[PDB]
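Residues in the sequence shown are numbered consecutively from 1105, following the working numbering. Backbone N, C-alpha and C define an ideal beta-carbon position, used for all residues, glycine too.
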Amino acid sequence: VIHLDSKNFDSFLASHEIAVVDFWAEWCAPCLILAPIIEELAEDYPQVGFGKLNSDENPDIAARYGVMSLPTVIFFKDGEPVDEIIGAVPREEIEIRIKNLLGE
């Protein structure tokens, strides 16, 4: 899971066709529930880019992508935000989306 900021955001998005960005902050309890879920998914899907964007540290990037509450997980294809989930959710909601994006 890549630590994201303005400097590496685009190169991250280009590293895999499909990318998953977890918008989070340390004060956000549901975000910290989600952290291990995302970390374990990253290990299971090495063909997908996973990154964490801390909204306290990068408020302009969160705002840019319309993130108004946390957690928000945004799914990218070819650098385009194509879908998102707002809230902590089961692994299986994130996984089903990843599989569809991969054409599984």
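Helix, strand or coil for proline 1175 per DSSP?
Within the sequence shown, numbered from 1, the residue matching residue 1175 stands at position 71. Here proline 1175 sits in coil by DSSP.
Please tell me whether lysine 1111 and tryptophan 1128 are closer than 8 Å, where the distance is taken between their beta carbons.
Taking the sequence shown and counting its residues from 1, one reaches residue 1111 at position 7. Taking the sequence shown and counting its residues from 1, one reaches residue 1128 at position 24. Taking 8 Å as the Cβ cut-off, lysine 1111 and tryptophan 1128 do not qualify as a contacting pair.
Quick one: using the 10 Å Cβ neighbour count with 16 as the cut-off for buried, is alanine 1167 buried or exposed?
Taking the first residue of the sequence shown as 1, we reach residue 1167 at position 63. It is exposed - the Cβ of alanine 1167 has fewer than 16 other Cβ atoms within 10 Å.
Just to confirm before moving on: does the CB-CB distance between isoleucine 1165 and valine 1105 stay below 8 Å?
Taking the sequence shown and counting its residues from 1, one reaches residue 1165 at position 61. Taking the sequence shown and counting its residues from 1, one reaches residue 1105 at position 1. Contact flag unset, no.
Please return the same chain residues whose Cβ sits closer than 8 Å to the Cβ of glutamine 1151, not counting the five positions on each side in sequence.
As a position in the sequence shown, residue 1151 is number 47, starting the count at 1. Contacts found: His1120, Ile1122, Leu1206.
Hey, how far is the Cα of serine 1173 from the Cα of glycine 1191?
Residue mapping note: residue 1173 aligns to position 69 of the sequence shown, counting from 1. Residue mapping note: residue 1191 aligns to position 87 of the sequence shown, counting from 1. The alpha-carbon atoms of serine 1173 and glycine 1191 are separated by roughly 8 Å.
Helix, strand or coil for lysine 1156 per DSSP?
On the sequence shown, residue 1156 is found 52 positions in, with the first residue counted as 1. Strand at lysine 1156.
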